[PDB]
Every structure is written in C-alpha cells, then in structure tokens.
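Only this structure's heavy atoms are used, side chains among them; waters, hydrogens and symmetry mates stay out. Below, read A as the first sequence line, B as the second, and so on, with proteins coming before strands; counting in each chain starts at 1. Indexing begins at 1, ligand by ligand and atom by atom, following the structure's order.
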Amino acid sequence: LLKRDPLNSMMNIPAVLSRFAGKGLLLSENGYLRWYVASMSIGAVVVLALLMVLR
Amino acid sequence: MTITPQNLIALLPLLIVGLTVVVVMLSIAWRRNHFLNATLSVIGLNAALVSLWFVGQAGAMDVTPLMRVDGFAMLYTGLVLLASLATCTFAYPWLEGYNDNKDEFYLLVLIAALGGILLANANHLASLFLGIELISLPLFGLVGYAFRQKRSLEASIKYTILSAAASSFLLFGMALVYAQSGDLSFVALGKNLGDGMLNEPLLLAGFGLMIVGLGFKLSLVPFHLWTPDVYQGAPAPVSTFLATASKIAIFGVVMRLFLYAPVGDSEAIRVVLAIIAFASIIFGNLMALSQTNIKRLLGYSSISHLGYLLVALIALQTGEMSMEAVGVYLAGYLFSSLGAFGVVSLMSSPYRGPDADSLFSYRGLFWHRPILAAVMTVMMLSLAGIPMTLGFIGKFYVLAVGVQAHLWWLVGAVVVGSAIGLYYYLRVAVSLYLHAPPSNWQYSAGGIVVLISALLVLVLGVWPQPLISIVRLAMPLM
Amino acid sequence: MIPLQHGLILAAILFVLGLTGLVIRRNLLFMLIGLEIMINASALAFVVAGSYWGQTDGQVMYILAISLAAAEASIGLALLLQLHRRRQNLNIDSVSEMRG
Amino acid sequence: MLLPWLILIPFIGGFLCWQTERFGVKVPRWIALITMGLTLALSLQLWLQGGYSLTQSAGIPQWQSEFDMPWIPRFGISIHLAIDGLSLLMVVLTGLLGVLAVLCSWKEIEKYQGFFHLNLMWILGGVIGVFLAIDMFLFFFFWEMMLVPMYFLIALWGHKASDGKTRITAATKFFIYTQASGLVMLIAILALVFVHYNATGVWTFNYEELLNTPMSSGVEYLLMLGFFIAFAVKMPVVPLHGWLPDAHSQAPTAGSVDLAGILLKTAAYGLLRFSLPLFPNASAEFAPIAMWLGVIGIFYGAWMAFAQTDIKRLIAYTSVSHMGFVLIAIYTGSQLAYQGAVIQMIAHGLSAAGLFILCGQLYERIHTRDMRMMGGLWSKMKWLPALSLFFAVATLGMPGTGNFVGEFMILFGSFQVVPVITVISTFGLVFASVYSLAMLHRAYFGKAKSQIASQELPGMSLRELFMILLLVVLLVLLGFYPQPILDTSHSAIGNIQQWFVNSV
Ligand SMILES: CCCCCCCCCCCCCCCCCC(=O)OC[C@H](COP(=O)(O)OCCN)OC(=O)CCCCCCCCCCCCCCCCC
Ligand SMILES: CCCCCCCCCCCCCCCCCC(=O)OC[C@H](COP(=O)(O)OCCN)OC(=O)CCCCCCCCCCCCCCCCC
Ligand SMILES: CCCCCCCCCCCCCCCCCC(=O)OC[C@H](COP(=O)(O)OCCN)OC(=O)CCCCCCCCCCCCCCCCC
Ligand SMILES: CCCCCCCCCCCCCCCCCC(=O)OC[C@H](COP(=O)(O)OCCN)OC(=O)CCCCCCCCCCCCCCCCC
Ligand SMILES: CCCCCCCCCCCCCCCCCCCC
Ligand SMILES: CCCCCCCCCCCCCC
C-alpha cells in the first residue's frame, strides 16, 4: 500500500495546484488588445470600489 | 520659483541629455552616420553620469515647484543613465543589421532617458505626468522600430493604445486630486484635511485612477497583461530599456509620491496596494511556470519583481528602511535584468528578422557561447534570489522590511513566489548547459557590459556593504 | 455659480463614454478616437479644477494634456497607416499573434 | 583562526581544480584530493590541539576556537565562526567524507571534471561553513549556498542511464524543497532579530546575543516552527522527505554527491545548536509532536525501504528511519540521548557512505540497480557482497558497529524520558533488521534472476577496497571504543542540555 510513497504525493499536491493556477492565469493572455483595455477598466472599477468600501 | 545658477548646477544631467538630443539630431541633419551618432549619444549619457558628481557637490535643493534634487534623485538618475548607456551599447550591433534608418534609435533613447531623469527629480503632478509621457512616447517608437516585423508592429500598437489609456486614467486621477486639494505639489496631496479625515472620497478616487495608470506602467496586476507581448515583440535592446529604465524611473517617482503625500499613509490605499502586490507576486510567478519564450518569461518575472518592490512600498510609513530596501533592490534588479536582456540582445544581433527568443535557441548555449551562458545562469540565479547574488540581497531587504511592518500575507506571498520562481529560473539556467542541435568591438562592448553586470551581481551578492552604504547615502529630503 | 461637482461629473461622463468606445470598437481608428475623447475629458476635468481654485495650473495641465494628445494622435495614426499598409485591414483583433 | 581556512581551503581548492584542467585531464582529481586531505588534516590538528576531553561544561556560549570579521555592519552581520566539540566532530566527518567523495570519483576522466571537482569542493566548504557559523545570516548563507552546486551536480553529472528530464526534475525538487524551507528559516531569523532589536535597540545577527531574547509564548513557537521546518526538510522528517530518494537516485553514479552534501547531518546539528538553545520553551512544548514525527519517520522509512526495488532508494529510506531516531533523541532533554544522537549521526554517515559507495561499484559492475535483475551475486564477485553484508549488518544496529552504540544510547535516554515512544522505536529496530535482510537476500543471495548476474564480474580495485575497508575499520572502532568521540562532544552536548532544561 505504501510503495508509491503517499506522503510524497500529498506534498506534491501544491506543485500541481501551482501548475493548474498558472495554466488558468495564462488564459487571460489571449493576445487581444481590446481585452487588455477591458481588463484595465475592470481593474479600475475594482480599485475604485475597494477604495470607496474601505474609506 | 525662479532658476538660479546653483539650480542650473542641480539641473546638470537633464540639461546635458537635452543638449545631447539637440546635438545628435543636428548631426543626423548633417549626415546619417550610425557610428558617430551612437558615439555622440553615449558621450552625452556618460557626461550626464559624470555630472552627477557636480550635482552631489551642489547639494539638495528645489528647482522650481516642479522638481526637487537630492540623493534619491541622484541615485535614480544614475540608474536611468546606466540603463540608457547599456541600451545604446546593445543597440549598435543589433542596428548594424537594420536596413532602414538607425540614427533615430539613439535620439529616442536619449529622450526616454530625459523622461527618466525628470521622473527621478519629480516633485509635482505636472512633472510626474510629463516624465511618464517622456518615457512612454519614445518607447512607442522604439518598441515598433522594426515595424516591418509583425511582432514589433503589434507590440507597438498594443503599447501605444494601452499607454494612452493609462495616461488618460492617470491624468483624470490627477485632475480629481487637484480638485480636492487645490495644489499639485506632492507634499500638499492631503494636507488640507485634518482630525482623521484623510480618506476624502474624491482624493481616494483620484489616487485610485493614478494607481491604474502607474500600475499599468509598473506591470502590476491587473494592469499587467501587456507585459509579455510588448516584451516579446519589441527589439531586444528596447526590451532591455523597457525592463530596466522605465520601471525603475516610474517606481522611483511612485516612491517619492507616496513618501511625500500626506494621503500616502491612508489605510485604504495601503490595503489596495497590498492586494495588488500580493496578486502581482503570485500571478507573475505562476504565469512564468510554462514559458518557452525567454522574453515573455522575463516579462512575467518583471511583474513578480515589481510586486516585491511594491511590498517594500507598503511599509514606507511603518518601517524605517523602506527606501533603502527599494534602492538596493532596484540596483540589483537593474544589473540582473541588464545581464539577462543583454545576453538576449547579443544572441539576437545583428538584426535579421525574428528575434532569437525561443528557449530551444538557448538550449546548449554553453557549447558555442560559454561566457554568455555563464552570464545568463548568473542572472537566472540572481532573479531567483539565490545567495551570492545581489537579487538575494534585495529579497532579504524586502523580507526584512515586510517582517518589520508585520505584513505577514505579503511575506508569505514572497516565499511562495520565490519557490515558483526557483522552478522556472532553474529550468532556464540548466537548459543553458544541455545539448541541442560578432567580430567587431561593439559586440565585444556588449559582451563586456553583460560580463561586468555578472561580476557586479556576484561580488555585491557576496559583499553587499558598499552598495548598502551608497544607497544609505542617497537619501531624500525628510 | 457653476458647482465644481457638475463640471467634474460632465468630465467623468465624457471619460467613461470614451472608454466605452475604446473597448467596444474593433476598428483601430475608433479606438484612437475613444482615446482622444478620454484625454480630452481628463483635460476638461483639469480645467474645471483650475477654474474652481482660481489658478492657472488647470490650464497649464490642459496645455500639457493636449500636447500629449497631439503627439499620441500622431504616433497612433502613423501606426494605423502602417497597419493598413501591411494588412489592408484595420481590425485590431487581427494583431493578436503574441499570446500565452 | 584556522576556521576561516577550514572554509576557504575547499573554495580555493575547487577554484584550482577548475583552473588546473588545462594542465591535463587527470590533474583536477589530484588537486581535489590534496584539498580535502589538507582540510581533514587541519580538522584533525584542531582535534589534537583543542583538548576536548578535558573540557568541562561552562554554559552556552563556550567555544574552543573563535573567529570574527565584520561583513555587513549595517545589519550587525559578521563572518563569525566558532568551533566546539560537536561542530568539530561534524567538520572532521565532513573532511573524511570529502576525501572519500574525491577518491570515489577517481576514474571520471571526462572533459569537464574540473567543474565537477569545483562543485564538490564548494559543497564541502558550504557544509563546513554550516557547521562553523554562529552568525545567523552567515549560517543561513552557507545553508543556501551549498545547494546550487548540488543542483548542478545532480542535473548535469547525475545518473547517466536515466533521461535528462528525470535528473532535472529530481534536482529541481530538491532545490525547491531546501531553498523554500531555508527562506522560511530566514523569516524566523529576521523576526527574531527584530524582536531583539525592539527589546534592546542594537542590530545583531550574533547567535550569542540572540540567546537572551525575551519574547512571548506564541512568537517563540512560530520562530521555532520556521527553524524546525528548514531542519525537518533537510533532516529529512516526514512528510518533508520526498526529495531525498529522488535526489539519491539521480545523483552521480559513483556517489560523491551522496557523500558530499547529503550524508552530513547539518539539520540535526542545527536543531541541537540553534533550535533548542534559542527557543527552549517552544521546543519543550513542541517535543511530543517532534517525537511522534520521528516515530512515524522510523516506521514509514522502514516500510518504504522494504518496498523499494532500487538499492539507492532503499538506502535513502534507511536514512529517513535513522534520522527519525535522531529526531526522537534531540527533543528528550537527556544528555545520554544527545550523546547517542551524536554517535548515531557519525555512525550513520559512515555506514551510509559505505553502502552508497558499494552500490555505486555494484552499478559499475552490473549496469543496473533493480534488485529483480540480480541475485546470487555472492558467487560472482570477490569483495563487494561481503562488505555489503557488513554494512547492512551495521545499518540494522548490530553491536560491534557504532550504529548500535548510537541508537541504543538514544533509546536508554529516551526511556528515561519517554517510555512509550522508546518501545515503539525499538520495534522500529526490528523493522530495520527486516529491510536490511531483504536487501541482502534480493541482491546477493539466491539464484541469478537475469543474464548480467549469471557471469563473473571484475573485482574491486585497491583504491575502492582501501576506502571501503577504512570505513569498515572506523565503524568497528566506533562500535567497540566510542569513548574518544563521546569525550569530544561531552562539553558541548552538556551545555546544550543544561541550557534546554534550565530554561524550561
Ligand atoms: C568611458 C567613460 C566612462 C565614464 C565613467 C562612467 C562610470 C562611472 C560613473 C561615475 C558617476 C559618479 C557619481 C557620483 C555621485 C556622488 C558625488 C558625491 O560627491 O556625492 C557626495 C554626496 C554626499 O556627500 P557631500 O559631498 O558631503 O554632500 C554635500 C551635499 N549636501 O552624496 C550624495 O548627495 C548622494 C550620493 C549617492 C548618489 C547615488 C550615486 C550615483 C549613482 C549611482 C548609480 C549606481 C548605483 C548602484 C551600483 C553601485 C556599485 C558600487
Ligand atoms: C511543513 C509544511 C509547511 C512548510 C513548507 C516549507 C517549504 C519547503 C518544503 C515543501 C516544499 C514543497 C514543494 C513541492 C513541489 C516540489 C517541486 C517539484 O515537484 O518540482 C517538479 C515539478 C516539475 O516536474 P514534473 O512533475 O515533471 O512537471 C512537468 C510539468 N509539465 O515542478 C513543478 O511542477 C513546478 C513547481 C513550482 C513550485 C512548487 C510550488 C511551491 C509553493 C510554495 C511552497 C511553500 C510551502 C507551501 C505549503 C506546503 C504544504 C503545507
Ligand atoms: C508560506 C511560507 C511562509 C509562511 C508565511 C509567512 C510567515 C507568517 C507569520 C505569521 C505571524 C503572525 C503573527 C501574529 C501576531 C502579530 C501581532 C502581535 O501580536 O505582535 C506582537 C509582537 C510585537 O510587539 P512586541 O512589543 O514585539 O511584543 C513582544 C513579543 N515578542 O510581534 C512580534 O514580536 C513579531 C512576531 C513574529 C512572529 C514570527 C513570524 C515568522 C515565524 C516564522 C515563519 C512562520 C512559521 C513557520 C511557517 C509556517 C508554515 C508555512
Ligand atoms: C499555491 C497554494 C499552495 C502554497 C501556499 C500554501 C499556504 C502557505 C501558507 C501556510 C502558513 C499559513 C499561516 C501559518 C501561521 C499562522 C500564525 C498564526 O495564526 O498566529 C496566531 C498566533 C500568534 O501568536 P500570538 O497569540 O500573537 O502570541 C502572543 C500571545 N502569547 O499564534 C499563536 O498563538 C501560536 C500558533 C502556533 C501554530 C501556528 C502555525 C501552525 C502551522 C501549521 C503547520 C505546521 C504544524 C506543526 C509542524 C508539523 C510538521 C512540519
Ligand atoms: C569521526 C570519525 C570517527 C571514527 C571512529 C573512531 C572511534 C574511536 C577510535 C579510537 C582508537 C581506538 C583504538 C586505540 C585505543 C587507544 C587507547 C589509549 C589509552 C589507553
Ligand atoms: C500564499 C501565501 C500565504 C501566506 C499566509 C500568511 C498568513 C498570515 C496570517 C497572519 C495573522 C495575523 C493575526 C494577528
């Protein structure tokens, strides 16, 4: 039962989480200029809303 | 305020770079001479770097309401001038293969360096806006210098559109801040409030729109998506300049704005910048895990390193050595990025078409270019924050600053992002030594520049006290 | 007897209209037009703020803003002409070959 | 005064190993041999001149030799080295294993062995610096600097049979584990320095000054946890162990990388030298968790060693089990258990070095490491199976070898402190005998299970036989006469134990 080293795989879990998160984050880099502008305006909305919430 | 002769002495690198712009442009008007115009540009940049000594002998003073010259301004002027000199040195062997006009490149580099010096000395919203624009527009030209290539043209279009959008965001935020405050000086942004009313909604909204513009300029999440495309599409010396000088100058003026403005210690702005720094570190490290392009990987790396710098920015009012940490980190980051992007530029020189930016092209670099491979693995170790490198000294400064101010979320983010960075930087540095299937003194000068950068990174990684003492000498007006 | 809030609101309305035009238009010329709208709106906001405080600094910032607008419009239209020369098409979605 | 040269002779020797390759391709091995022999001779001279047997416990700090130089005076950071009995034993073991690592890579005459020997000497100098540094920044600096040549040695000079991607993956996993844990330790160091600065007002990274640092319970627990996370990664302590069999399996086939910077127990030394004295109350509350982690390490490593089909992975998991014993010993607060831990560290270094060198020689002979492809190798080789039998007898803790002295003194002191953990650990000794006999029967006894094991094989040469027999003699002498080793470390161990139990 132990010959596959289960604790090693349990500690390898954060590596696969990092791989999955990086692959998900790379979807935002689609190369489209209009999406880059839209993401800038989304970030503007988020920053402004956060500043008004914690004012 | 008027301009005095001692103010003109404090004006010296700006005046010298402007005179170099005029002289190089008149020399181009005389005759197109690549060697002569490149030599005149580097002579002017070296003269400004030397005249920093006379600026230091003059002392710290206010030159007009727009500028304040001190040791901080001198250090950032020196960093900008070093990056510009390296950019010209890498530009010449690349431009030797350029069939169209090559002389305009040095003119654009000089004007961008002028913008960097203005941002180093900026004490005013007008000078901050003008310095950002003076950096950005020559970079619009430089990123699309090889506009016949589709990647360079696409990168130029993306950078121009997004930087115009960010400039309009920053100017609207400046206008809202001015409407609240009634003064565009840095020290007056929040001065007309008291009794715990620093979080005025219009002042905070204006500073948020300025944060949008500046965080575009610093590739901070979520204004970061332009960075790998523009870094990849630009010419490699342009990528060197954009990675070093623009980021360093804009972060220096952000440092000074948050140090001087009474609204800089607002808790809402601090929390928003903490979120941005956390997301920048994590996202920039995570997106570079699976990059087969060295320039895109360096773009995501730049996002993460500016996140670390922003972590040092957050502890500006809490701790005592935030500015010293930022100076040490920026010196180390300048040398590491200069070496890495210079190895990329020398591998892409002379210009023939598409850039040599695939990781398969750098696989087995040691078997034909051993010195360049040694320099590149030193820079990959430095950007990972490995000891006996200056990048580790910068990371140690960032960690000490975060621990002192009890920014535990940011400290944990730095540790996790450092582990992710370890993975991809080691992948590049060890792919350099695997197995895979010039001849003029300007290329040798570029190789000497990257070798000197590697030697400085190693020596100041082992012995960082001279750099620490230099940065501690270069202190702004309290 | 003009409230400063009304001028700032008019400037903000023009700014978000220009940003909307920047996002929703695939043609690069309309993107540049939206950029001109946003920078003109920010310059208007500076003029309103300078007029409220009785200072020349608002009009000075306006002057710097329109200098930026002129130079940026020049560069953007040069890039548009280059895109039309090398593509015969001004669709900004076509310049997307760098991604990931 | 000789401690800077104890660090610098490996570094200058590695530089000379790289530089002398133009004089010939058989030159850098001689330079590395003279370098490590000079380091070992300096360590032995320090042992003779130290007078460690007559040294009494005077309390921390108590150094037989000391060196100080300012390095980064802005933060109060110094090149601060100090030697006492425990660090002296560790440095002597490092020099001996470095000489063995040079001698084991004697036949590698490739075109870039100057860089190989430079990396080996830089690893050994970093290990010596870890054992000598009593400045926390300098200790961390050595702790992290000795992993870069480790990474490059595994990645470029590693197991040639495996694909390059496997070597890159194992090297990267090892580097990420060790460096991320080191960064957590750096966070703990920085927070301790800031607590001391807030309490007093001066900038210091000196371990002697940081000993008297008043802090609340909960802060001290977190600093202890950061230190323990670094040490637990490098010890290894389960579940932070998975890098170790991968790094061993992809290390260079002779095993100089195995000896040079894996089989030197810097983490147990760090727990004894830094974790217990800086955070005695936090370590006292953490003791049950650490002891149960050690118990789990003993049994988990034994079961993993039994389940292996590769010999190198088997020996790596034996290292996991024995370090579980040492981890149990460290948190007892018993002088007898601490002395047993010192003996166990030295004896495990010797026995695992012998096992890894013999495995490298066996792989040179038969070109495979899977035990299912061998068997009956006693009748085919001249010296190797009998020496492997002796070393397997050593790692099960047979009396007459130093391993028995080590873990039995550990168990005596631990039973004086914690009986239940002790009895479970002795059943761990039964498990150790099981895995050692299993490896012996799979490799050397029975009949041949493939074609390579059915033919006569060339015998060991004089150099390999000399180094293996030297390890045999040292292990037997440690088993029958461990008193000079106990007398060397008696004062330092007593100081650490008295500090641990007088502040709790
Ligand atoms: C082929 C041709 C080649 C030509 C040479 C090119 C390479 C060399 C370039 C040399 C540039 C020299 C610049 C010297 C700046 C400092 C001059 C000086 O005297 O500073 C002293 C001053 C404080 O001293 P004091 O004079 O007493 O102050 C009175 C004013 N209140 O100090 C200050 O006020 C602030 C001092 C620090 C300012 C920053 C330092 C200058 C910029 C450095 C950028 C790089 C830093 C990182 C790398 C460091 C490597 C060690
Ligand atoms: C006691 C627990 C708390 C304290 C922990 C202290 C930290 C040190 C000890 C734990 C370290 C755990 C590291 C786990 C990953 C090890 C590295 C690794 O596996 O690298 C190999 C892998 C690439 O190899 P392969 O699987 O072939 O992938 C090819 C994909 N096409 O590489 C990759 O896939 C990329 C790996 C990127 C980096 C890994 C993620 C690091 C995240 C932060 C780690 C810090 C601790 C976080 C909490 C741990 C769990 C509690
Ligand atoms: C992902 C890997 C890395 C892990 C994440 C990064 C580290 C996270 C650390 C979280 C720390 C939470 C602290 C919560 C309390 C803070 C407020 C407080 O109570 O401050 C008290 C004190 C300041 O007041 P003072 O006058 O100094 O009091 C004397 C007490 N000594 O405060 C102090 O004196 C400072 C207390 C500092 C405590 C130690 C912090 C670092 C400890 C080592 C690393 C964390 C533990 C190991 C890793 C866990 C698993 C990953
Ligand atoms: C990409 C995804 C994957 C990668 C990233 C994964 C996540 C990374 C981050 C992991 C770490 C999270 C934070 C852990 C530290 C939390 C600290 C904390 O909560 O401190 C609160 C408190 C502070 O102390 P305080 O009460 O202020 O003291 C003064 C009163 N005398 O503390 C106390 O009072 C004492 C608390 C003691 C225990 C705190 C630490 C728990 C750590 C759990 C794991 C380790 C368990 C032990 C070791 C096991 C073997 C390694
Ligand atoms: C660090 C490596 C240690 C290896 C094991 C060494 C064990 C000690 C051996 C000492 C010598 C024993 C035989 C000679 C005894 C001489 C007694 C002299 C006084 C009567
Ligand atoms: C991905 C990085 C995770 C880092 C986690 C850090 C947690 C810090 C918690 C601090 C709690 C303080 C309570 C007073």
- Over all atoms of both residues, closest heavy-atom pair of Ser351(D) and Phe391(D):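 Scanning both residues completely, I find the closest heavy atoms to be O-CD2, 3.5 Å.
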
- Item | Geometric cation-pi criterion, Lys234(D) with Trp243(D): 6.0 Å, 45° |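 No, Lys234(D) and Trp243(D) do not form such a contact.
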
Are any side-chain N or O atoms of [X] and backbone N or O atoms of [Y], one a donor and one an acceptor, separated by less than 3.5 Å?
X         : Y         : value
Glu209(D) : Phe205(D) : no
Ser322(B) : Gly319(B) : no
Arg270(B) : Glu267(B) : no
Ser321(D) : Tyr317(D) : yes
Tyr207(D) : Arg273(D) : yes
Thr401(D) : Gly397(D) : no
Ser43(D)  : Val92(D)  : no
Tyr300(D) : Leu7(A)   : yes

What is the nearest protein non-hydrogen atom to [atom], stated with its residue, atom name and distance?
atom                    : result
atom 2 (C) of ligand 4  : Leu17(A) CD1, 4.7 Å
atom 20 (O) of ligand 4 : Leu222(D) CD1, 4.1 Å
atom 6 (C) of ligand 5  : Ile485(D) CD1, 4.0 Å
atom 29 (C) of ligand 3 : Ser216(D) N, 4.9 Å
atom 21 (C) of ligand 3 : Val219(D) CG2, 5.0 Å
atom 27 (O) of ligand 3 : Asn198(D) ND2, 4.4 Å
atom 1 (C) of ligand 5  : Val92(D) CG1, 4.0 Å
atom 40 (C) of ligand 4 : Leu225(D) CD1, 3.8 Å
atom 13 (C) of ligand 5 : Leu477(D) CD2, 3.9 Å
atom 14 (C) of ligand 3 : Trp408(B) NE1, 4.4 Å
atom 1 (C) of ligand 4  : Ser18(A) OG, 4.2 Å
atom 3 (C) of ligand 4  : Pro14(A) CB, 4.2 Å
atom 2 (C) of ligand 5  : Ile346(D) CG2, 4.3 Å

Are [X] and [Y] close enough that some pair of their side-chain heavy atoms sits under 4.5 Å apart?
X         : Y         : answer
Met235(D) : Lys265(D) : no
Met185(D) : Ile189(D) : yes
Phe396(B) : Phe137(D) : yes
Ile386(B) : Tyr425(B) : no
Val320(D) : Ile298(D) : no

Distance filter under 4.0 Å to [X] heavy atoms, resulting ligand 3 atoms:
X         : result
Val184(D) : 2 (C), 47 (C), 48 (C)
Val415(B) : 2 (C)
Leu223(D) : 39 (C)
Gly412(B) : 5 (C), 6 (C)
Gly226(D) : 47 (C)
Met215(D) : 31 (N)
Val195(D) : 34 (O)

Looking at [atom], tell me if a protein heavy atom falls under 4.0 Å from it.
atom                    : value
atom 16 (C) of ligand 5 : no
atom 37 (C) of ligand 4 : yes
atom 43 (C) of ligand 4 : no
atom 17 (C) of ligand 3 : no
atom 51 (C) of ligand 3 : no
atom 11 (C) of ligand 4 : no
atom 20 (C) of ligand 5 : no

- Element-labelled atoms of ligand 4 that are located less than 4.0 Å from some non-hydrogen atom of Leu293(D):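 In order of numbering, the contacting atoms are 50 (C).
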
- Which atoms of ligand 4 sit under 4.0 Å from any heavy atom of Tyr221(D)?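 It comes down to these atoms of ligand 4: 37 (C).
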
- Query: Relative to ligand 3, is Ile229(D) under 4.0 angstrom through side chain, backbone, both or neither, heavy atoms considered?
  - Reply: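 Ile229(D) to ligand 3: side-chain contact only, backbone stays beyond 4.0 Å.
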
Which of these, [options], has its nearest heavy atom closest to [atom]?
atom                    : options                                    : value
atom 33 (C) of ligand 4 : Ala290(D), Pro239(D), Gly218(D), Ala232(D) : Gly218(D)
atom 11 (C) of ligand 5 : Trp47(D), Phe480(D), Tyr481(D)             : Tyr481(D)
atom 32 (O) of ligand 3 : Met185(D), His406(B), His196(D), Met224(D) : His406(B)
atom 28 (O) of ligand 4 : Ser217(D), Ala282(D), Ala15(A), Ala413(B)  : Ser217(D)
atom 41 (C) of ligand 3 : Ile187(D), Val416(B), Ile189(D)            : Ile187(D)

- Below 6.0 angstrom between ring centroids: does that apply to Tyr329(B) and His305(B)?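 Yes.
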
- Kindly state whether the ring of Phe274(D) and the ring of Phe139(D) have centres lying under 6.0 angstrom apart.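 Yes, the ring of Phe274(D) comes within the 6.0 Å limit of the ring of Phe139(D), centre to centre.
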
- Message: If we set the cut-off at 4.0 Å for heavy atoms, which region of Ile289(D) has an atom near ligand 4: side chain, backbone, both, or neither?
- Response: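 Within the 4.0 Å criterion, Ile289(D) makes no contact with ligand 4.
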
- Item | Value rounded to 0.5 Å, distance of CG in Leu289(B) from CD1 in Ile420(B) |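 Reported to 0.5 Å precision, the distance equals 6.0 Å.
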
- Give me the ring orientation class for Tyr331(D) and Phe228(D): parallel if the planes are under 30° apart, tilted from 30 to 60°, perpendicular past 60°.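 Geometry flag for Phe228(D) against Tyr331(D): perpendicular rings.
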
- Message: Check the orientation of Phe408(D) and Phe404(D). Use parallel for under 30°, tilted for 30 to 60°, and perpendicular for over 60°.
- Response: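 Judged by the thresholds at 30° and 60°, the geometry between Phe408(D) and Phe404(D) is tilted.
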
- Message: Less than 4.0 Å is my threshold; does some heavy atom of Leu474(D) fall inside it relative to ligand 5?
- Response: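 Heavy atoms of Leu474(D) do come under 4.0 Å of ligand 5.
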
